[PDB]
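Heads up, the thing below is written out as structure tokens.
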Amino acid sequence: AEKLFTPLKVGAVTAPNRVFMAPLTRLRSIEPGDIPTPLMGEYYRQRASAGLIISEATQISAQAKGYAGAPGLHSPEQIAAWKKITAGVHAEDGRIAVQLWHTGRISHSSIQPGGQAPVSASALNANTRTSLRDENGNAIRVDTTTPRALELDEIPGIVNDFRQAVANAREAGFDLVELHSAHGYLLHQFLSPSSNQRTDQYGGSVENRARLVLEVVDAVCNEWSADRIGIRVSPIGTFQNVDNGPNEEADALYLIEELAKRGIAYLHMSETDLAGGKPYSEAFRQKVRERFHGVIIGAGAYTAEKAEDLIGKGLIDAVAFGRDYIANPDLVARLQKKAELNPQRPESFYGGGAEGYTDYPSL
Ligand SMILES: Cc1cc2c(cc1C)N(C[C@H](O)[C@H](O)[C@H](O)COP(=O)(O)O)c1[nH]c(=O)[nH]c(=O)c1N2
């Protein structure tokens, strides 16, 4: 019966199981330089039995930065450090995708180049908080800075920054990329009418609001290959940073139909904020499944039992676990053996060092 421990072709790679590691911001990179570390390499290597590791959100550019301690994939030193991390995963016969973001308005002027306002679709504060570092290097929360709206002639540069970051990801040895089009970051700021009041061709209709993300998809497929590209969306519900507007189901199905035309490797649906939301209806899952023929990854407070049920129904192909992967490097073996999980320590999810990061034991 069990399908979680069977292989799955995911674009250009083949996962040996359906138990994926969700992208997890942990804010442990080196500053200055937003540089991945050998400790981050150890953490990912410990989890390399995952069917697929999806990395923490990683900046496409310095402007993309919104959190102190989040890594980039735009500088030589970042590329060199990520090469070591992907090599370590591959040494253990793993597969790893890099999640690429621009945080847009979920950012703060103090970590923007030049100390000026971050950018977005419109000049509306997100009215939330991001993460900085205090003078001792510890993670602190700070109110987001009001963004400025991207001028029309700046949008090709944003598309080019995603393209360049994917070129860099290929050099750095990643198996796949995941475009971060979820959770209220820049691509989702354009997608949502709540964060996008533009009157040019990047605002208004759903076609206009999806224009930027689809330009990015086309640019990165052209740069590398469609079967190397995944995308994460969170198109139903309210996320800390944004909501999906009054026609969220129709708009989501429009976007998914467009993504399918590009033949990309996978659609990763983040179904809920950590703070909760209404479950996806099975009717909606069927409409998604019939618009996207490729791999569908479900995430958001999943259990192994919920994953088996939906995989068995043919509605998703894999599950990404977030917090269970923080706490269980060998989550695959634990789920296969029905072993107990280590307890989670959420106080060390963000920032710090090895404690709460590489010190969760394997069986
Ligand atoms: C500490 C931490 C950090 C992040 C996250 C979660 C948490 C707990 N999540 C959301 C994550 O990918 C996953 O969707 C939710 O954690 C899955 O839910 P479970 O944790 O399995 O219940 C997340 N999602 C994302 O697209 N990119 C990221 O960088 C982050 N950062």
Side-chain angles (χ1 to χ4, degrees), residues 22-44 46 55-78 80-82 84-85 98-120 123-148 180 182-186 188-189 239-242 273-275 322-323 325-327 343-360:
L24 294 153
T25 291
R26 306 298 304 279
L27 305 183
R28 285 168 163 87
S29 307
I30 283 165
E31 287 171 317
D34 313 321
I35 313 179
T37 66
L39 181 75
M40 292 162 61
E42 181 181 18
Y43 163 84
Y44 285 117
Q46 286 178 346
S55 79
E56 67 205 276
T58 296
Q59 283 86 253
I60 64 178
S61 70
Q63 183 196 64
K65 185 173 174 179
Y67 296 72
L73 190 42
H74 48 93
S75 76
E77 294 75 17
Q78 290 160 357
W82 278 120
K84 296 172 177 73
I85 296 187
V98 59
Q99 188 189 59
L100 294 170
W101 65 357
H102 193 305
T103 54
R105 72 184 185 171
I106 313 298
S107 183
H108 190 266
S109 57
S110 68
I111 48 176
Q112 283 289 291
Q116 309 298 301
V119 302
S120 190
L124 302 165
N125 202 298
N127 299 327
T128 190
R129 288 135 297 278
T130 185
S131 292
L132 305 189
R133 283 172 173 169
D134 60 28
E135 56 170 302
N136 298 306
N138 302 307
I140 62 176
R141 302 287 277 168
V142 185
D143 290 345
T144 48
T145 302
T146 298
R148 65 169 180 89
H180 196 341
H183 299 168
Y185 298 112
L186 185 69
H188 197 193
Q189 287 157 37
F239 291 75
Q240 175 179 325
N241 300 335
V242 80
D273 199 271
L274 298 173
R323 291 165 289 185
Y325 250 112
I326 292 181
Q344 293 167 12
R345 290 170 279 153
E347 62 260 68
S348 44
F349 286 179
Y350 304 104
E355 180 169 2
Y357 191 57
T358 52
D359 65 347
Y360 290 98

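FYI, the numbering just counts along the sequence from 1.
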Does the side-chain contact (heavy atoms from CB on, under 4.5 Å) test come out yes or no for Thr358 and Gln46, once each step is laid out? CA-CA 8 Å; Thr358 52; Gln46 286 178 346; 3.7 Å; yes
Taking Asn136 for its side chain and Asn138 for its backbone only, find out whether a donor-acceptor pair lies under 3.5 Å. no
For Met40, does its backbone N or O pair with a side-chain atom of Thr37 as donor and acceptor, under 3.5 Å? yes
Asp34 and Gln78, any side-chain heavy atoms less than 4.5 Å apart: yes
Any donor and acceptor pair, going by atom type alone, linking the side chain of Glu31 with main-chain N or O of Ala70 inside 3.5 Å? no
Where does the angle between the aromatic ring planes of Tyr185 and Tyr67 fall among parallel (under 30°), tilted (30 to 60°) and perpendicular (over 60°)? perpendicular
What pair of heavy atoms forms the shortest contact from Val119 to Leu186, and how long is it? O-CD1, 4.0 Å
Do the side chain of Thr145 and the main chain of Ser109 share a donor and acceptor less than 3.5 angstrom apart? yes
Using a distance-only test with no angle check, is there a side-chain donor-acceptor pair under 3.5 angstrom linking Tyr44 and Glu56? yes
Residue pair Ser110 / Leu132, side-chain heavy-atom distance below 4.5 Å: yes
Would you say CD of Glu355 has more than 12 non-hydrogen atoms from neighbouring residues, nucleotides or ligands within 6.0 angstrom? no
Looking at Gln116, I'd like to know if its CD atom is crowded, meaning that more than 12 non-hydrogen atoms belonging to other residues, nucleotides or ligands lie closer than 6.0 Å. no
For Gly72 and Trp82, the nearest pair of non-hydrogen atoms, with its separation, is O-NE1, 3.0 Å
What heavy-atom pair brings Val242 and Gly184 nearest, and what distance separates the two atoms? CG1-CA, 3.5 Å
Would you confirm whether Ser131, through its side chain, and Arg141, through its main-chain N or O, come within 3.5 Å as a donor-acceptor pair? no
I would like to know whether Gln189 and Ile106 meet side-chain contact (heavy atoms from CB on, under 4.5 Å); could you show each step before the answer? CA-CA 10 Å; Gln189 287 157 37; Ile106 313 298; 4.0 Å; yes
State, with a plain yes or no, whether a side-chain heavy atom of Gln59 is found less than 4.5 Å away from one of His102. no
Any donor-acceptor pair under 3.5 Å from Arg28 side chain to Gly351 backbone: yes
Would you give the length of the straight line joining atom OG of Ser55 to atom CG of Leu73, rounded to the nearest 0.5 angstrom? 8.5 Å
Do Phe349 and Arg323 have side chains that get closer than 4.5 Å, going by heavy atoms? yes
Do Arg105 and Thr144 have side-chain heavy atoms sitting under 4.5 Å apart? no
Distance from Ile60 atom CD1 to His180 atom NE2, nearest 0.5 Å? 12.0 Å
Answer yes if the side chains of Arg26 and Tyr43 hold a donor-acceptor pair under 3.5 Å, and no otherwise. yes
Should the pair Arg345 and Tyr360 be classed as cation-pi, given the thresholds of under 6.0 Å to the six-membered ring centre and 45° from the axis? yes
